[PDB]
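Student: heads up, no residue letters with this:
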Ligand SMILES: [Mg+2]
Ligand SMILES: [Zn+2]
Ligand SMILES: [Zn+2]
Ligand SMILES: [Zn+2]
Ligand SMILES: [Zn+2]
Ligand SMILES: [Zn+2]
């Protein structure tokens, strides 16, 4: 059914601007204030208002609408909530940056310790990129342990000029877990710097000051690095799974948000009802730890938040990183529809650009063909055939976007197709499909073939195409992919087609060649002793599909009409092809029959071997695909394979234990 | 038979060459979550059970279990189980007061089929009734089935030929299997030849 | 809206009125909106204002 | 599950190896009319590229599959890709290609004037 | 690693080889502007041989 | 308020309209989605001026849909309301909540709290109206109203009116 | 009372209530059995922890434990912070009583269903005005 | 234009090595129309050999280097390739070749 | 160009000359140059729309009392505008009923009268639209006129517009 | 150009930056025994003028940051006395096109 | 000269086992490795630190740390890279995407 | 079936950009989401039946666009917002190439 029509303009994302939420923006975009750690109500059957699964945040049930946008599961993107923290906390991924900014700026008035009055500071401000400039400023100002309310003049060090400083001694700041401790210089007294103090000092940092530190005035202020209003992700981010559709197991993020809410309520009650400063610090440390492990559970030197079963809580950072994260496992690569996988098998009777697709796979995979006057009759016949018969169709998509399954519709009568409708019909012969073998190291390991629907359960493919795929038939499996639009179908067959990838750009030589039985039989066929009698010659000539119908004059007329193997293999070679290769000891007479001479597509001398029809530069494949084109070279592959495989079928080739005996 | 493929004789396959039995056992237990939330092995009906699977339930008996010997096909229910729900809800449109239960039945695998070989009813350690249903089928060798010698010479069936299409000796003996010569020299599997 | 417990301003009430031009219908419940009391107690707030100020009169004089 | 000794490499799984080794302007501005390079001084190739040919064939076949007017005499051909190739053969495709220079400027090349040598 | 370091390198319509930022890697691709598939090994006849064979 | 503006609209032409006379399909489709259309950014667009020459840019084919996106630039007359402006009109409907006055193509609702207290509702009279000691406000009656608030969505504009200020009401 | 927020899968063409609806799970569709029109596509068929909201209620808590690189000083302070919580004292004592239920049933080799039934019986009879002066061991024994 | 001449100077060296006046008149024995055909086909095959703009040559280069590595005194092979791609201050067999 | 949020702005108010960022005094036309914002009174807009409609009717062909005017504009709307013209019909009947001036001579006279006042384009069309009778009435109906025009000049403008008003 | 023997004291090295436009370059004698430019791996570096650099940026439609870089400690950069923002045309032998001319800006 | 030596070493590694790779691929590798004035390694601290877009850089390694340092520094991703358009699901400006296809009105009236 | 990272790389090497877009969008996850023009965040309440779009905070109803991104991309952006990062998506350029 797709998604409902929207009157908003359809645009593409041209720029992505990064930054940090203001605490004001979290409350501004929030649709609810989360106040209760519970998710279910007091009847354990509706969602609690103000809880973690508040209906204003969105719905993750197919039968429940969102309270805010009044849309279903597939349309509502989810809406954010917010938690007002009792005390501000550090962001766990910004602790080192907070510490560096703390070393940069004053801990008493919130001003940069070194200004343009210093020579080494001025060149640090002249650095264009923010990261290198901030690193230079931090390395220069980490050793300055005084605000320097009075500094020597730049023009001459004879008179003293007073900047806007307090002159206080900046403590050495070091981290011990989730908190920062400062030790003032002894005339060292160590004390823990509270997060509210750091937030207040970061609020006093001027616009020109943190811009020199690399912080944008609009998008990322240093004061926004301190968390005082925690955003609450919608239930689409943290769905409640079901083990047997009777348990209500929640996500790990829901558990962490419940713990954060419990710590926040505990801190609020301790502050409101009075508590010793040890208890307040302990509660705010617990809240800081819960927020940190909610954003990052794997912290060096910290305990890990654990589930009830003892497994570590999967934080958001764990959900993003790795090959199973959102980036690498869900965005850079992903599982896709309209794809198939089975064992591959060889087929010498297929073309180079053909894949033998199983009939069940063909009946499962579909292509949506738009109804035109050119295919109204064929698509009507495919709709009448139905989904249980190949060729047929499985769905009819109307112009309104409604999709009619062709199952549960024959009882409703026939469907009259209109122009512009789509028919999701089974993939038929000569449909361009992408065909791929993992690991897929190079581009020739994923190429476009044409479908030939076959009555067995394996993918069938030509033997010459196994070398670019690095594919065997000892149980190898290869993926199929079906394009779903005319653009992808067209650029699949005009860029990714198998004949177009015959010559590899990796080594400027062909990557597809005559291999295995065809190579052995093409060496045995083109020996001087190999003479073929008339009946077998006619059967060979008919096996070449583009044979022009003229029987070549035999190499021996009398006393018996005998054709040589070179003569019949030359029928597969197109006319106008000239090849000349001299091996060791090769002259115009070839006593060893080595080398190669092909004139006008006719083999003059030379046994045809890996140097001629293999994947080698200057071979027959390279010359034919450079002179005649890729389609003619694919036809050459097919013709050579057919004629040589027929000859080796009626000749035979073996190997045995006696071949290993000297 | 190129690139580790092998040509198997179809006539040999018809006489039982490499034909195998395949058994698959399905286990299911009725667990008591509490007082009213308990599972029951029963044959569900469309009138009073919600979220029924689209596969057939007609092969089940009164206990929700299929008798041994009955042929099963893909996505067919072999163990029938239902769990109670909260009455008078509003979900999926097709929810009424008659729907006091939902279906928690165990269907067969979507591609598998066969014959129910043995159905075993017993109790676990907790005393809850649980069942095991064994389904038996033939695996007849076809194109793509993997076969190996005793020497690391693995490969799938490229094609099957009948006896009259296979090569034959002067004694009328045809192979059950044709493997490629090119699997021999690079792998240096001399012991395959000496074994033959 | 007494059913969904949601507020609606006078600006967005007019965009939700029916074809009969008689009642304002809810966005979700499709129920006739009932009128709030923003302005009926406003003078009372002013009265509360008055009842604060004399009560805060010794503070400001100090 | 299963227990197989048939070694199947997990693909896109290099993070195992990653965890093994973790330790070691002047001529045009904004979007003015100077973005459009005039026809008399177009410096790009007059030949249609393989990507240009592929996307023109795809776009034309997509339009033909959605009842666009066909500008060539069909010989009984019904497949939209073959009709698009017939249109490209005798230069009856009413499209242009906006080739984007790396600085944001572009050149407009009509499909009719581009040489399809490939 | 090689793919991720080179995933944004493209030949542009000025035949310069540039990354996503537009930084020029090669001012012409392969220093000759040629597709690799259209390259064959050929013998340079002037560089080899003797001076007498060159004159002949 | 009536203005004349230069507006640019993105029109997605289906490939079925890729004929020799595609420009007149583009101009005809331009009128059908602009003439009388309401946009919250520019108000109620009424008529398209300068029809003889309309700036039609070169349309870009959408990379997955096949339709062509044109940026048609045109000069049109619009009616955009504002708060704090005085407009005349005629009443088209009346109720206990208030009466709707038709100004231009727009219906301004005058709430019951934003009238002088002498006016009261009378549903017994046909048609229902508001009766005061000096004037009556009935259907198809001239009335001058000051717009104090206008809400503009992406495709609709609703305005709130008052007649409490002096030199307003019936003319 | 309250917002509806209910989605019904009704065919807009057959107009039959209740509709014959087939959930084609393999094809990920919800279709009408009469006309074949799809109603909702891309349907949803692990990542969290199982928690039944009938035995321990709607309590969502995570404990603090040793990781790969963990200091002993930080763990003890967080454990004392978690222990010194006043709002979950009833939850703490009911989990202690449930632990005693499991300890007594496991010392008797009673089946798991007995443990579950005793736990839910204790939960249902907990915090009762008529049951306040009785000893904890008597409650324990009667629940078992 | 200078970049164009520098790009085609090696192919022009090859072309002058092949299409010299002595070699055409004595070895190849070409006629007027044959020579015109040779020149036209050399020009056409040259203009067909130019890399198409838009080609993702970086991924092509990365795959064309990585795949022969998958088919793979001083260190060589995969560890030497790793010590090259990781610009490492140390290496197993640092060496000179002094002439 | 900055991508800042800048989500805070004053509400569009006719009293304080705030008509929005897309109704500023200066407008960038399709040719790119700055040009004065065009505001029409109720009589001028009717003539502009009628001229546009008869121009469209002429282009299609080549390719007074209020009662006889209403049928003429009705048949013009039927023969010129296609579907979804209900808003345009309501606008045309609104401009016909609330028309202070009939012919283009009176409208041009009003324009040259108000072009020498030096006021905003928005407020002069409001002065030409509303049938004000008192200078204080014009000041309280249009709050932008306070400390902007003298009372005697405003009285002269109102009495001359009332003299130029017909039917 | 100051060609010292072993080392420069940091007390004298700090005043090596002097009044513009005077530039001071310090070279060690051991690093200048062998001319690096004569090495077969080192190709021909030619410093471009301001108008040549402007024409190079115009014809390729380039910015300063989009050029290949050479650092202002490179031995050829010190040999040529490159200041920041100076572009050298590097002519080198190419096995695919005989001659190839790259460009590098000094950073 | 460092680039030439790097090419020679890469060529020695490639042709050590007799495998042949065309010159332009290794040339592109050594030109990317030397385009910044020094030998930039193909590592997390090499090419991945160049300011080529945060969504591109997070795809390789240190995803969350790069996203954090982009959020703190307010990095503007111009979405010109392949990985940005892959993440955003729009057609990357590569291959067939390296241009725009626009309908020609002047040739449309010319055909008939 | 996994259309993994290096499958994407091989499709890049072919230059088949529209097929690469189709695999990642029309074959796995094509999600339409509205963003306002003021802030690039996805916090736009959209009633499609009533045709009403509104972003709270920005308080704009006339500056809304719809985009087609993967659902995994939407999930990424929402996780980044949960981690106090703004993935502000804008539909127009601000700086020259
Ligand atoms: Mg294998
Ligand atoms: Zn919602
Ligand atoms: Zn200070
Ligand atoms: Zn409601
Ligand atoms: Zn139906
Ligand atoms: Zn916003």
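Tutor: Right, received. Where do you want to start? Numbering: from 1, shown residues only, chains lettered A, B, ... in the order given. Ligands and ions are numbered 1, 2, ... in the order given.

Student: residue contacts, the nearest residue to residue B:127 once chain neighbours are set aside?
Tutor: Distance criterion C-beta to C-beta, 6 or more residues apart in numbering or on different chains; nearest residue to residue B:127, sequence neighbours excluded, is residue G:111 at 5.7 Å. The way it works is simple: take the backbone N, C-alpha and C, and place the C-beta from them, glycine included. Going by C-beta atoms under 8 Å, 6 or more residues apart in numbering or on different chains, residue G:111 touches B:125-127.

Student: can you lay out the residues you listed as TSV showing secondary structure?
Tutor: Putting these into TSV (DSSP: H, G, I helix; E, B strand; the rest coil) gives the following:
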residue	secondary structure
B:125	coil
B:126	coil
B:127	coil
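
Student: quick check on the residues you listed: which are buried?
Tutor: The neighbour-count test (16 or more other C-beta atoms under 10 Å in any protein chain shown) marks residue B:126 as buried among those.

Student: smallest distance to chain A belongs to which residue of chain C?
Tutor: The minimum distance from chain C to chain A, using C-beta to the nearest C-beta, falls at residue C:28 (5.6 Å).

Student: now chain E
Tutor: Going by C-beta to the nearest C-beta, chain A is nearest to residue E:36 of chain E, at 3.5 Å.

Student: need the phi and psi values for that residue.
Tutor: Note on residue E:36: its backbone torsions stand at phi -70, psi -30 [degrees, to the nearest 10].

Student: dihedrals phi and psi, residue L:54?
Tutor: Dihedral angles phi and psi of residue L:54 (degrees, to the nearest 10) take the values phi -150, psi 130.

Student: ok, now how distant is residue E:13 from chain F?
Tutor: Residue E:13 sits 18 Å away from chain F when distances are taken as C-beta to the nearest C-beta, to the nearest Å.

Student: can you pull the contacts of that residue?
Tutor: Taking C-beta under 8 Å, 6+ apart as the contact definition, residue E:13 lies against D:44-45, D:99-101, D:107, H:53-54, K:98.

Student: need those residues in JSON lines (columns: distance to chain B).
Tutor: What follows is the contacts of residue E:13, written out as JSON lines (distance: C-beta to the nearest C-beta, whole Å):
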{"residue": "D:44", "distance to chain B": "45"}
{"residue": "D:45", "distance to chain B": "42"}
{"residue": "D:99", "distance to chain B": "44"}
{"residue": "D:100", "distance to chain B": "45"}
{"residue": "D:101", "distance to chain B": "48"}
{"residue": "D:107", "distance to chain B": "49"}
{"residue": "H:53", "distance to chain B": "39"}
{"residue": "H:54", "distance to chain B": "36"}
{"residue": "K:98", "distance to chain B": "38"}
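
Student: now do the strands in chain C.
Tutor: If you assign secondary structure with DSSP state E, chain C ends up with no strands.

Student: show me where it has its helices.
Tutor: Applying DSSP state H to chain C gives helices spanning C:10-14, C:42-53, C:57-61.

Student: out of these, nearest to chain J?
Tutor: Between chain J and the helices of chain C, the shortest gap by C-beta to the nearest C-beta is with helix C:10-14, which sits at 49.9 Å.

Student: would you list the contacts of residue E:13 in a markdown table and tack on secondary structure, neighbour count and distance to chain I?
Tutor: As requested, the contacts of residue E:13 are arranged in a markdown table below (DSSP: H, G, I helix; E, B strand; the rest coil; neighbours: other C-beta atoms under 10 Å in any protein chain shown; distance: C-beta to the nearest C-beta, whole Å):
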| residue | secondary structure | neighbour count | distance to chain I |
| --- | --- | --- | --- |
| D:44 | coil | 20 | 28 |
| D:45 | coil | 18 | 33 |
| D:99 | strand | 24 | 25 |
| D:100 | strand | 21 | 20 |
| D:101 | coil | 21 | 21 |
| D:107 | strand | 20 | 23 |
| H:53 | coil | 22 | 29 |
| H:54 | coil | 26 | 29 |
| K:98 | coil | 26 | 25 |
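
Student: out of these, flag the one nearest to residue A:196.
Tutor: Residue A:196 lies nearest to residue D:100 out of the contacts of residue E:13, by C-beta to C-beta, at 51.6 Å.

Student: so the closest one sits against residue K:99, correct?
Tutor: Yes: if you go by C-beta atoms under 8 Å, residue D:100 and residue K:99 touch, sitting 6.2 Å apart.

Student: which residues in chain B form strands?
Tutor: B:6-9, B:20-29, B:40-41, B:49-50, B:71-72, B:77-79, B:81-84, B:101-103, B:106-107, B:114-123, B:129-139, B:146-148, B:154-161, B:177-179.

Student: what would those strands look like in a markdown table with mean neighbour count and distance to chain F?
Tutor: Formatted as a markdown table, the strands of chain B follow (neighbours: other C-beta atoms under 10 Å in any protein chain shown; distance: least, C-beta to the nearest C-beta, whole Å):
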| stretch | mean neighbour count | distance to chain F |
| --- | --- | --- |
| strand B:6-9 | 23 | 46 |
| strand B:20-29 | 13 | 45 |
| strand B:40-41 | 18 | 52 |
| strand B:49-50 | 22 | 40 |
| strand B:71-72 | 18 | 45 |
| strand B:77-79 | 24 | 43 |
| strand B:81-84 | 20 | 45 |
| strand B:101-103 | 19 | 41 |
| strand B:106-107 | 18 | 39 |
| strand B:114-123 | 15 | 46 |
| strand B:129-139 | 17 | 45 |
| strand B:146-148 | 15 | 42 |
| strand B:154-161 | 21 | 39 |
| strand B:177-179 | 17 | 49 |
